[PDB]
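Residues take their numbers from the sequence shown, with the count starting at 1. All heavy atoms count here, side chains included; hydrogens, waters and symmetry mates do not.
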Amino acid sequence: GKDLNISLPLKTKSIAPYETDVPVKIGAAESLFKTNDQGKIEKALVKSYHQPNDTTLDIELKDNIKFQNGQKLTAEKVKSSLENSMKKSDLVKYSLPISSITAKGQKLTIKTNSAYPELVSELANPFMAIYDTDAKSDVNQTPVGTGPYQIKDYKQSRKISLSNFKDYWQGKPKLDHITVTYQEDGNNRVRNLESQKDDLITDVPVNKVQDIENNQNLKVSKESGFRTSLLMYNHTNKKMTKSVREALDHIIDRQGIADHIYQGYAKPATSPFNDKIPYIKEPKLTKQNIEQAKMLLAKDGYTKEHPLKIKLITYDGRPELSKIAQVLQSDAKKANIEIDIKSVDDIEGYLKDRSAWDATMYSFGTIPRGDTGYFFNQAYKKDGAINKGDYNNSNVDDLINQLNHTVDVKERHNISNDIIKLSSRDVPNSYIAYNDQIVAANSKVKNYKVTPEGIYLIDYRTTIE
Ligand SMILES: N[C@@H](Cc1c[nH]c[nH+]1)C(=O)O
Ligand SMILES: N[C@@H](Cc1c[nH]c[nH+]1)C(=O)O
Ligand code: NI
């Protein structure tokens, strides 16, 4: 009727907002701040804020906002939500170095111990979305947010059912119900769309784009965005030496991957960050060189008779990753590396066992809110939430720590580029492509978001005509 069916990759376990960005994506939860369609930070739940000095953030919340259970969004509710998320999630904790929070009425004051200029930016992170900590339901199954669609039922790792919250603060939402089901295989997501089992899908495989564009019942939307595919190394395994990481870096053919695997919907990568960001100084592009890789591997004693063995993990959710793994395996054999590819259904859970993998295909949104700090703190610091391979170098740590208290924006750019230059020498990961996000829908579905941060999808204006 006005019911919308969505098919997404990357199944979740908990759907607490501090465990996954899914509740923000599907319209259930909202953070204090957001980014707009051009990627700039804006107030969302906040009416006004001020920073009287470099350790104090004063916020006044909007006065007309309710949670989906009818409770008012007050400063006390925001305090308890943020404190709970800090306690329950390392990602949230390491992004928000908050020393205290005080609340009265609609006003809250957030303090830090020292200057952290990216604090407001990180309050736009979907993992910091606000939920009602006093709700008498399990936040891991049916959290209660302020968004336009309330989660009514969750079948773990399979299906989320949401219903219109009529008193949504920005206006009455335009759909009656949304059903989200997980499907990891992109070809299956496309088949579900073509058969009308689903109405909106994300992460469309590039080789299906033409088939969908050809269909007059469907439409495809693409956004270049800020997501990077990569080969991530497990630094806790002593065999993954600098020579080995450099060898693998030279077996990748980034230009060929962008042209033939992504069919032009990606550009070859050097650093984590898309080269379209104008202040980023990218390292030199590595061109494939099998002879160089063989020479590097000989440094550690590997030969055709005694090759390096690598267990490489992959997953289906981002559909080009496993196509890249196959061609890495074929080419690596020419350089005396035998790669065994293991495709897994739950990538984040699988990689927690650091004895079970040598390298993994991976993807990540490296600059979702306009600053490089988030990525460096989460991917290049020990215990950072996306640093699955435990990369850490004290010299890089020092620069990241300096960046965190640096207010002057041009100085932040300079330190960021120094971190890129120093870290690149270690080959912490091999960044492969800056690739577009491709979303497809039935033509009757209108006003979903396909914007550069790669997080938002559903809002109170999304509809079916
Ligand atoms: N960060 C990886 C793996 C992941 C699973 N769920 C969320 N992320 C990706 O987005 O492709
Ligand atoms: N799937 C999102 C969010 C995430 C957090 N951790 C892993 N993934 C991304 O890769 O950017
Ligand atoms: Ni992810």
Side-chain angles (χ1 to χ4, degrees), residues 2-10 12 15 17 20-45 121 123-130 145-151 160 162 164-165 168-182 186 189 193 198-204 209 212 218-227 265 274 276 317-318 363-370 434-465:
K2 299 256 198 158
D3 293 345
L4 180 69
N5 286 331
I6 306 179
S7 186
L8 297 184
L10 306 177
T12 48
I15 58 174
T20 170
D21 70 4
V22 167
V24 169
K25 185 182 306 292
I26 71 185
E30 295 178 303
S31 298
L32 288 171
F33 298 88
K34 58 173 180 184
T35 49
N36 61 20
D37 282 8
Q38 297 72 30
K40 304 319 176 30
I41 292 286
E42 296 190 330
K43 294 183 285 277
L45 303 181
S121 176
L123 293 167
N125 186 325
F127 284 70
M128 287 60 150
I130 304 301
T146 57
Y149 293 99
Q150 177 177 20
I151 300 164
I160 309 174
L162 311 93
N164 182 295
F165 175 38
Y168 177 65
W169 67 273
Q170 290 194 86
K172 182 180 171 294
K174 292 181 182 184
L175 303 158
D176 296 314
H177 303 95
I178 302 184
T179 301
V180 184
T181 54
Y182 289 120
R189 289 192 295 281
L193 184 70
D198 287 293
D199 307 308
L200 175 62
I201 66 174
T202 67
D203 295 273
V204 174
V209 163
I212 296 166
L218 305 181
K219 59 193 177 170
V220 182
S221 306
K222 101 211 181 188
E223 156 60 54
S224 51
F226 294 107
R227 177 158 290 274
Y265 296 96
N274 194 319
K276 93 185 171 210
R318 311 289 183 191
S363 179
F364 188 66
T366 55
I367 182 159
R369 292 166 291 279
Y434 306 128
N435 66 296
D436 291 352
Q437 173 54 231
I438 307 178
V439 165
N442 187 283
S443 65
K444 301 210 188 328
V445 183
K446 317 288 191 179
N447 300 329
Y448 47 91
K449 292 291 203 183
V450 191
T451 52
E453 87 301 322
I455 293 161
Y456 306 131
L457 181 67
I458 300 299
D459 70 14
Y460 77 112
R461 294 189 326 111
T462 303
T463 194
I464 292 168
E465 296 185 342

* Where the side chain of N274 meets the backbone of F226, is there a donor-acceptor pair that is under 3.5 Å apart? -> no
* To do: Could you tell me whether the side chain of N435 reaches within less than 4.5 Å of the side chain of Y265, counting heavy atoms only?
  => no
* Structure fact -> For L200 and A441, the nearest pair of non-hydrogen atoms, with its separation, is CD1-CB, 3.7 Å
* Would a distance-only check, ignoring hydrogens and angles, find a side-chain to backbone donor-acceptor pair under 3.5 Å from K2 to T463? -> no
* Closest non-hydrogen atom pair between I15 and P23, with its separation -> O-CG, 3.2 Å
* To do: Heavy atoms only: give me the nearest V180-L162 pair and the separation to one decimal.
  => CG2-CD1, 3.9 Å
* With distance as the sole criterion, is a donor-acceptor pair present between the side chains of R189 and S7 under 3.5 Å? -> no
* Asked: Got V209 and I438 here, is their nearest side-chain heavy-atom distance under 4.5 Å?
  -> yes
* Do the non-hydrogen side-chain atoms of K174 and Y460 ever get within less than 4.5 Å of each other? -> no
* Over all heavy atoms of both residues, which pair between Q437 and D203 is shortest? Give the atoms and the distance, please. => OE1-N, 2.9 Å
* To do: Could you point out which residue of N442, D176, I458, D198 forms a side-chain contact (heavy atoms from CB on, under 4.5 Å) with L4?
  => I458
* Side chains of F165 and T146: does their closest heavy-atom pair fall under 4.5 Å? -> no
* Got a second to check how far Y168's OH is from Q150's CD, nearest 0.5 Å? -> 14.0 Å
* Asked: Nearest 0.5 Å, what's the CG-NZ distance between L457 and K25?
  -> 6.5 Å
* Asked: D199 pairs by side-chain contact (heavy atoms from CB on, under 4.5 Å) with which of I178, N5, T179, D3?
  -> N5
* Asked: Is atom NZ of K222 surrounded by more than 12 heavy atoms (other residues, nucleotides or ligands) closer than 6.0 Å?
  -> no
* Indicate yes or no for a side-chain donor-acceptor contact from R227 to the backbone of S363 under 3.5 Å, with no hydrogens or angles considered. => yes
* Asked: What heavy-atom pair brings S31 and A44 nearest, and what distance separates the two atoms?
  -> O-CB, 3.6 Å
* Below 4.5 Å, heavy atoms only, C-beta onward: do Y149 and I26 meet side chain to side chain? -> no
* Under the side-chain hydrogen bond (donor to acceptor under 3.5 Å, both in side chains) rule, what pairs show up with a residue in residues 445-456, not counting sequence neighbours? -> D37-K449, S221-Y448, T451-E453
* Asked: Does the side chain of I455 come within less than 4.5 Å of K34's, by heavy atoms?
  -> no
* **Student check: side-chain heavy atoms of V24 and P17 closer than 4.5 Å** => no
* Asked: Do you know the tightest heavy-atom contact between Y182 and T12?
  -> OH-OG1, 2.8 Å
* Taking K276 for its side chain and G225 for its backbone only, find out whether a donor-acceptor pair lies under 3.5 Å. => yes
* To do: I would like to know whether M128 and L32 meet side chain to side chain contact (heavy atoms under 4.5 Å, CB included); could you show each step before the answer?
  => CA-CA 8 Å; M128 287 60 150; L32 288 171; over 6 Å; no
